């Protein structure tokens, strides 16, 4: 169902991964659980969204993560400094700064 904007907004157009069959409409794309955008040329207009998070300020591409914790920092201690926490991808910052959800459009 319509992924929230930052899951869409926050991806680099060159890293979009196709979603939907070809000629799928805005609505079918969004309701397929993907992102529609018809303003950037040359890239998929119906693409898969970023993995969600509890807060949308924490949603970005793994590479845009700036470290905010330290090896082993607890999810509780990571929250105390008002940082995001995500232990799903290995070998990247599990505690990183969030980014103000505002750049986030469709």
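Positions refer to the first chain, counted from 1.
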query = Quick one: higher average CA temperature factor, 14-22 or 82-90?
reply = 14-22
43-51 or 69-77, whichever carries the higher mean Cα B-factor = 69-77
ask   = Going by the entry, which third of its chain does the Cα temperature factor of residue 8 land in?
value = lowest
query = Would the CA B-factor of residue 61 place it in the lowest, middle or highest third of its chain?
reply = middle
